[PDB]
Structures are given as structure tokens and as C-alpha cells.
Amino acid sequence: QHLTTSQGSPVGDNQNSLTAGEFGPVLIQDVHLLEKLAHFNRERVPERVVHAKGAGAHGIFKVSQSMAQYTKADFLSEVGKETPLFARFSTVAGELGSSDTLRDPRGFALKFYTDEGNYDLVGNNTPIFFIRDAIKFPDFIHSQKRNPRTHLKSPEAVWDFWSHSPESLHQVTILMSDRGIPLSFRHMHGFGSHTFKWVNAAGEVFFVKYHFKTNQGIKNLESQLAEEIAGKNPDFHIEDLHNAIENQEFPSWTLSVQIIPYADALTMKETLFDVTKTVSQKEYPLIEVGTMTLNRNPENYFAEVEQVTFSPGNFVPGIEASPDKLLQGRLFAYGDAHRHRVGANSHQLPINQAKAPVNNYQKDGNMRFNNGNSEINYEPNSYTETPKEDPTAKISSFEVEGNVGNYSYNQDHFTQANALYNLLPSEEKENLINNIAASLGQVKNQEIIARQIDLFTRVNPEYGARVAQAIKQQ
């Protein structure tokens, strides 16, 4: 109840600075003034390079069907098994102050505090992505963000990049459909997007795809309304998630996976490891795993939502990486991003702490809250008591072939986009076309528009024709 400094000393006057006489100059000995101002000056930290605008909530995951036959992952071992989790939803391009209701993919990050480590499933509200190789991420993101000279958004850059990257057609179609702007985070799906690996106790391998289906149903915002809400309420989605949980209308998602046995995978490498493609659900139907429920709002947004650190590379025994090139790059990127954005010791912050015990030889670093007791910080050592490797946790070995080199991917950039285009109801197709026209129509370089239109035409003649037609009407 008494105001204090950061060292617990009481503050006598929090309204007036120490001054040399009523109208005299302010004194340097007003240490609290200095401290208060200095800490205020250091409140801002760098925002996430992408997915800066987000909302979070605590929850739980409950297994409905054991997956022990496919993975030794502890949190999925028994029916009814509960695991605490934390989720963060977000947009992609917008900065800290941007509006929620913009057209953009939505982040669907999940951190499961399992008994064998924190497992992160860092997905999106889309099963695919715009690119397939991590080396192109900075290029994609740069084209999606601000003009380095004017600081204004550049549709010219957005489309110039996509017109030279046909592999983005599938995701561009999803981005421009109605689902490009969800009604709320509670009304969108979640996907791991990448094909991941599951390994059971016997060492049997399976390639899987995660699908988090919203139990609230898919609902979107028409483009016009979304723009209106972007002005009337830029935190529309954040507020919605918070109010829903405070009103005890806990949103939930049913998680099911597509399971592809190793043997099967050997025939579909070009599809399975290309994140710009989906795996037919007729060939490999969804198998229910459990339910995710968000039931508790953060205590403090900055401490939990802003400081939380997710990484696709945060695996737990039983779940491993696949040769998906985009995923491969992400395995490095996130841990690296965390160290710059939060710090070498970000894992020590409450929201990032593991439920399972952490026993390392890792030491020091900035703001190290806990370095331990031990005099032994190296391994191998002659002290039986200290942490040792667990051979049991080695990843499953797989065969490597050919030469080390720079290989290109498949060129089947049109088939799946066309399939999606054909599945869209007439009313959504008109929106798809108008959304593209409104964006692509802002481009000045006629050569970029033509290249892009030829691309859409290759997906479906009507697709390209309709797009070209909508632009002419402006």
C-alpha cells in the first residue's frame, strides 16, 4: 500500500520533483524521479519480426483417443490425459499497433507443458503456406511489409514477389477467400501445416498432419465490414477472445491427425514435404486425437503474451521433424529469434518455463534468474549424480541419398489451387475475385499484373479471366 522504489524504499512525493526552491531547478539527487523515468524509458522491447499483433490464453488439452500405436509422445499416451497449454493467436504483417481485422493468415501457436518437455505446435489457420524454402522467408516478408523508402504498404511489391513465385498460388487463393479474415480467433481452424514425424515405442515411423478444427464453427468478415471494424475497433479479435473467456464461453478445437505410414510416404515425398500442398483426406482421413480448450485469460499481457517463446523445434520424444525445407529453416529461426527478442534466458520466464525438470550444463547469460548449486558445469564428468544423455531419446534414423546440393522442387503449382477454386460456392468466388482485383488492381507495372493473371489462368481459365475482368472495371 506504500509506494516504493525498485529497492523497496518508500516514496515520499510522487507528484512533485525535488527542486532547489519553489521555482528553482530540478535536482539530480531525486533518485526516484530518475529511476521512474529510466525504467519507463526501457519498457519497450523489439516486437516479433512477424506475428507481432496477438492475443493469448491459457487452456488444456484432453486426449480422447490414445495415439500410443503411432507415437510415444507422453502427453498423448492415455485416453483422458490432460495437459496444460498456452496459446497465442495473431496476424502476420501488422506491427504492434495494427488492427486485428485485416486480410492475412492467422498464427495459431500452442505450447503444451508436457511431462517430457514443452512441446510447441506453431501453426497457422491455413494448412499450407506461400513458399516452400526457408531461404525465401525474408524476401516474402519484406514484400509483405512496408516500402523501405516511404514506409507505406506496397501492393506492387506483394504481387511482384508472388508473380515470380507461382508456388504461392494455392495459399494466395486461401488468403483471398472469405477465410482470409476470420470473425474471431474462435472461428478459425488451426493446422501444423508441415508434415511432421511420429515414432512409437517400437521405433515404427509415421508421417502426420495436424488439424485443429474449431468447435465454434468457421465464420468470416466480409471485406467491407472488416475495414470498418479496423477503424472502429482495432483490437476486435483480442477483445473477443478475452470477453468470451471472461463470460465462460470457453472456445475449443478438436484435434485430429492424418497418419501416413513410412512405407506409404516413400511414394509421396514430393507432396508430403511440400508445404504448398495438402494430403487428400479421402486417401488419409482425419483421426481424432483430443480436444483443446482455452479457459483462462492472462494475468498480465506483456509478461505472458508478449514474452512467450514458441518454436517448431521444441519437440518431445515421439514427435520429430520431416525433411520439409521450410520447416527445416524454422528449426533454426525461432530459437535464434527468441535470443534476440527476449534474451538468452527467456526459458526462465514463467510463461516459458517447462513443467518437466530442466537439467543442463548451460550457464550464465543476461538476467540469469537461476544458475543453480553445482560446481560441475561440464559433461562428461566423474559425478554420477549430474545430468546424463538419454540414448532412448535419439531421433529415428532415416536414409539419405544422392549429392549435397541446391535442389529445386516440383512445379505442380496449379492443381490443388484449382481444386479449391472449384469447391468455392458462387458467392465466395465473387469475393475471391473482388479481393484479388482490389489488391492486384493497385499495381502499376502492367508486366507484373499480366504475369500474375497468366498464373491464375493456368490454375483455371475462368479464374484468370474473372480476375482480369474485375480489374478492367476500375
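When you see a residue number, it is the position in the sequence shown, counting from 1.
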item	value
Average Cα temperature factor in the PDB entry - higher stretch of 29 to 37, 414 to 422	414 to 422
Between the two ranges 137 to 145 and 238 to 246, the one averaging a larger CA B factor in the entry	238 to 246
Deposited CA B-factor, highest of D120, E95, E167, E399	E399
Of the residues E78, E320, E306, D336, the one carrying the largest Cα B-factor as recorded	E78
Third of the chain, ranked by Cα B-factor, where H340 sits	lowest
Where the record places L294 (Cα B-factor, split into thirds across the chain)	middle
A263 - which third its CA temperature factor falls in, relative to the rest of the chain	highest
CA B-factor ranking of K197, expressed as a third of its chain	middle
For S280, the third of its chain into which the C-alpha B factor falls	highest
